[PDB]
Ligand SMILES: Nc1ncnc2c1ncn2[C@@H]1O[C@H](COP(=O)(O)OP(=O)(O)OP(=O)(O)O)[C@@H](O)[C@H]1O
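What follows is a single chain, given as structure tokens, in the form solved without the ligand.
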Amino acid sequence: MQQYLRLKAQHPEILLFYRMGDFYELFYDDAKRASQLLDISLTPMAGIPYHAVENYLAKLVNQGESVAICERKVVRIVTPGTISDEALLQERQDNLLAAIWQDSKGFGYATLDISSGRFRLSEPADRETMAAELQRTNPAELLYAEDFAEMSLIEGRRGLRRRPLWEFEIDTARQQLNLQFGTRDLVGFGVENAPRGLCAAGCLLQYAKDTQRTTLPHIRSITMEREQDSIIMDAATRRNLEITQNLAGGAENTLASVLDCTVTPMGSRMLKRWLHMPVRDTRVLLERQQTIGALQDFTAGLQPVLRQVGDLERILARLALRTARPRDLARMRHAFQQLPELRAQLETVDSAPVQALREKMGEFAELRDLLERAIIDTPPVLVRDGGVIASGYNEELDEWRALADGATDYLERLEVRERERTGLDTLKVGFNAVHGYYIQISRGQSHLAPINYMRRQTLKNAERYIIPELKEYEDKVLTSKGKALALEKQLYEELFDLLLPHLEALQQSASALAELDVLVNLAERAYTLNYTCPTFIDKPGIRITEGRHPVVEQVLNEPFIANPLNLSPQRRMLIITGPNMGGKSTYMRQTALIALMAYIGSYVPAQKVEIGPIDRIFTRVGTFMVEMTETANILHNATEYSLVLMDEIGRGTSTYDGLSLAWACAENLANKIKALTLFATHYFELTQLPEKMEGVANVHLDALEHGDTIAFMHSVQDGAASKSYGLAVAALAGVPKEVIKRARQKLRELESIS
């Protein structure tokens, strides 16, 4: 097998699937890492059935592996960040290619969604921001330069691709980007003066082009994301708020699981982007809010229609790549068929933004008519075997098919003719590749076949024959079909030519449809779930009347207790005592979720919310070392525009050390940072803080002891807690009574020394 080895060197950095019979087999080291990744056997060979290759490619690509397919020669390659095939993508998840690099002055970063064409670049100000952007974008494939210093940022990520330094040269990048966009300069994209970011994007685009060996006309724009444009959230915060991912790695019981009832896969993906990137510009937010409210009574009629539009976004990508398959065009046609009904439904909505989306939507009556005439109602997966072009679309095509059916109908008549004559009831005409057409007779009647029948194939219970008259029409059939097939294929390629001119307008439509899906959805959720429109004030503050945790309230089959919150420049930090038992943490997390939601443009779970600008949200909620590292992050980065949620810091070390640290953090947060803060603590001593500094107050939760248990109330009230419940809980758990009695005596002694 010197053939495999000599071709493997052409692709040493990538897994190589080597076709052998009805399998692709991997050898040596590739056989290893693969068995470990797909959990297939190990014989050193490993293999997968031909009919399942796409399934296994999806898994490998999902785990960051590029794969080269040898059919001999490497005829196809898939990389985790550049796929567009529906079989390899996850319907409701974004799949991004990214590139990261470090200059002396700072970071450059860029991402690309190869299906939608969404191309973004940024220039994170420091390591912490960079880490938060990596987590937020979660790239499937990440290009980085050799000369990369901070390798801790990308070390454990899947899909790492180490690239030479010359791939990050600013002049090349500019030239390449300007050529891709068809512009002289980048001023119109607002990135002309963002060199570091441009370098990242240049390497990215070159890598994408290379993986496709194709033009990428759907990539026509790039956008710059700035720090002040969005509320910043770090990995731990993002993870702790359970936005699209729960703490156990799942997808259930998350903010998205409740907010995301969109009806198309592109709308679902767009909504998840918004949730992970709340905007600060209240201009955008106000528009989103207006829209939500104006779509309330339109929601029922809109969604079932929107649902049929489907994932026009990813189909458009295969159109741009010329890989679209018959059902892609079929689904595109179906989506076009919904446009007029959507147009009619939105006509009355009094909302300027809705009217904009409506126009942006388009109609494409011509394309619709074209696809209606060209393609049959329900085409096959592939064009390969023809049968996609409808009848009446092309005369030549209708003719060859008429000829094929005529020969076909003749052979069938031949079967009945030969049948009266011979008088053999088992006589039939069949078709096979090896022998073409033939006449079959059962073994038992075969001795009666006419003398002009030529034996060609003996079966266990039959004899197949041929005659010139059979071979005559076979020719008619085959040559006619061959031409029909060839013509369908040409007509099919011609469809791309007629569609591609309108690629730009179609991308805008899918984008508008996706946004309508998101907004129609948030409209439905607000109305259905009793949300309210938050208002914005100029200075930092959060006033919530009867707020609820938007996830907990839908899951728990027990009445959710709503709670107020009044935070302002004069009431900046609340010290929260009492049992936590999930109650404090819930109250804190819901505060962050409501802020989150306010800043995505959505309605929120409350009777009333007034909220000020927020630059970042900090949530150290839920090792003493990790807890201290996360605390350091907050004290170092938070500002007076930050929302900080602290959950009992001090646990995990000595009483005096933890109390000293918590007192110090709280004081710093209240007097230096001045961030809006919810400080949950178990230290009763911290409740004296409000008597020592302005802007701090005590609230608490309590519990109710009754019968043979304890009810941990979820109601936040003013003042310090006046009870602890550790001993009550220990008593309920069965700690012997005399132990509890001693504990009680010790507790009093410890507390009274205060």
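For every residue, the number given is its place in the sequence shown, counted from 1. By rigid core we mean the largest C-alpha set that fits within 1.5 Å across both forms.
FYI, the form solved in complex with the ligand isn't displayed, but the following is about it.
Taking the pose of the ligand in the deposited bound form and superposing the surrounding C-alphas, is this site open or blocked by backbone or C-beta atoms within 2.4 Å of 3 or more ligand atoms? With the ligand superposed from its pose in the deposited bound form, the site reads as blocked.
Options 659-667, 274-282, 580-588, 99-107; stretch whose heavy atom lies within 4.5 Å of the ligand in the deposited bound form: Going by heavy atoms within 4.5 Å, the stretch is 580-588.
Among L286, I561, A512, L160, which has at least one heavy atom within 4.5 Å of the ligand in the deposited bound form? Exactly one residue meets the criterion: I561.
Ok, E648, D113, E242, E524: which has a heavy atom sitting within 4.5 Å of the ligand in the deposited bound form? Only one listed residue qualifies here, and that residue is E648.
Partner contact for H714 in the deposited bound form: the ligand, 4.5 angstroms, heavy atom: Yes - in the deposited bound form, heavy atoms of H714 and the ligand come within 4.5 Å of each other.
In the deposited bound form, is there a heavy atom of the ligand that lies within 4.5 Å of any heavy atom of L556, even though the partner is absent here? Flag for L556 set to yes.
Interface residues of 603-620 toward the ligand, as seen in the deposited bound form [heavy atoms, 4.5 Å]: Going through 603-620 in order - heavy atoms within 4.5 Å of the ligand in the deposited bound form - there are no hits.
Among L478, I537, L503, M581, which is the residue that shifts its C-alpha 2 Å or more between this form and the one not shown, core superposed? Of all the options, the C-alpha that shifts by at least 2 Å belongs to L478.
Superposing on the rigid core, I want to see if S715 changes position between this form and the one not shown - specifically a Cα shift of 2 Å or more. No: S715 shifts by under 2 Å between this form and the one not shown.
Answer yes if the CA of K428 moves 2 Å or more between this form and the one not shown after aligning the rigid core, and no otherwise. Comparing the forms between this form and the one not shown, which are aligned on their rigid core, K428 does shift its C-alpha by 2 Å or more.
2 Å or more on the CA of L487 between this form and the one not shown, with the rigid core superposed, yes or no? Comparing the forms between this form and the one not shown, which are aligned on their rigid core, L487 does shift its C-alpha by 2 Å or more.
Given that the shift is 3 Å or more, do the Cα atoms of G652 and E242 end up closer or farther apart in the deposited bound form than in this form? Note: Cα gap between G652 and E242 widens in the deposited bound form.
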